[PDB]
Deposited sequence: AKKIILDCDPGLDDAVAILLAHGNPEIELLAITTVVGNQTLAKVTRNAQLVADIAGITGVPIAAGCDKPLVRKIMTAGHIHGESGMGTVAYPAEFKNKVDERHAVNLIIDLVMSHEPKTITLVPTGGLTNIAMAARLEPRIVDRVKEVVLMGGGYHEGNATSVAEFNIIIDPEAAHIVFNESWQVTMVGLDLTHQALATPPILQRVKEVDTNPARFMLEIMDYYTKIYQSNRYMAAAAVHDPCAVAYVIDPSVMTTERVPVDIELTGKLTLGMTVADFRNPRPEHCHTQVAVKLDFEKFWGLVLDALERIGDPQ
C-alpha cells in the first residue's frame, strides 16, 4: 500500500519525486501539497499542476499551503525551464489549504498509516502539528528531504529547506513523531550520470523527455556557475526511502535545529557523540544504494508509460 502525502515546492527535484511516487507501485499518493520556496507559492503550484498533467496523474488533490515562512522573511521564469504551460490545466487546485487538507486526511484515516514526505520548507507540516496536535501520534512517520549533518549549501553548514523556515523546522524535529532526515550527506550521492541519462533517454516517453528537458535546463544553470560533472537529484531520495528503506543506511541520532547562530542558523545539529541514546525519534540517512535508487526511478518511468 504505502500511503503518503507529498509536501513540496516543485522545481526540478520535486518533479522527479512526484514522478517516482506516482509511478512506483508501492506508493499511494494521497495528496500533493505545496509550500513557498525559492519561487513563490503561486509559481510552485503551477509547476506541480504542470507535472501532474504530464505524468497523467488523476484524483490526487494538489493543495496550496503557506505563502511565507512562519516568522522569517524570504525577503527576495516563464513556464518551467523551456516547457510552456497550457493555457489551462487539466488538474486544478483544491480550495482546502494544504494545512487543513493534511489534517483531514490524517484524521480521516487509520492511525499510523500515512507517511508525510516533505521536500521543501517545513512550514505546512509545522502549522498542521501546531493546529492539530492530534495528528502527531496518528502519522506513521515523517521522512523528509532536508538538512545535512556535515554539509551545507544555502550556507557553509545549512541546507535550503531548513534555513528557509528554521522555526517550522524546529517544530517538526521537536515534535515526537519518528523523523528521518534525508540530507545533503546522502543526496549528494544521487548523481544523474551520463549512463543514467542515457538510460532515461532510452525510455522514450513524453514524461521521460520532459524530465530530461527540465534536467538539462536546470543542470546547465547550475553546472554553469562552476563545474559539476553531474548534478545530483535530492527529493526523490526521500520517496525512495518509503518505497524501500534498504535503499540507504540511516543512523539514529538526536537532531535539533539552530535558531540563533550567526553562522550556524538552520544547521541540523546532530550528536554522533560517545553514549548514543536508547530512545531517539530521530535518524539520519548516510549511504545511498545507487543502482537500486536509479533502478526505482527508471522503473517508475517505464510504468508511467505515455499517459493521455
In sequence order, name the stretches of the deposited sequence that have no C-alpha in these coordinates. 77-82
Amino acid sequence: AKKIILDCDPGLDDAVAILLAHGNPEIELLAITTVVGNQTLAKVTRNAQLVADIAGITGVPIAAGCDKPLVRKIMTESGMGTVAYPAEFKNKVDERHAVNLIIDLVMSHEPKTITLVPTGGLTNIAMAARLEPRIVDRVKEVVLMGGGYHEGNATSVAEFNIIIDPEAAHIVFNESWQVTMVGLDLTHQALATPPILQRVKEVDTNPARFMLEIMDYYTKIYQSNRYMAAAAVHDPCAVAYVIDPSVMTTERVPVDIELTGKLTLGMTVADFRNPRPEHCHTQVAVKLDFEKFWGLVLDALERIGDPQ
From here on, numbers count along this sequence of modelled residues.
Looking at the entry, does 220-228 or 190-198 show the higher mean C-alpha B-factor? 220-228
Mind pulling up the entry and telling me whether 119-127 or 207-215 has the higher mean Cα temperature factor? 207-215
Between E258, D67, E251, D244, which one tops the list for C-alpha B-factor in the PDB entry? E251
In this crystal structure's PDB entry, the residue among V35, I57, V239, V269 with the greatest CA B factor is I57
Ranking the modelled residues of this chain by C-alpha B-factor as given in the entry, is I171 in the lowest, middle or highest third? lowest
By the recorded C-alpha temperature factor, relative to the other modelled residues in its chain, which third is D14 in? lowest
Tell me, lowest, middle or highest third: where does the Cα B factor of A1 rank within its chain? highest
What third of the chain does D7 rank in for C-alpha temperature factor, lowest, middle or highest? lowest
Among the modelled residues of its chain, the C-alpha B-factor of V136 falls in the third labelled middle
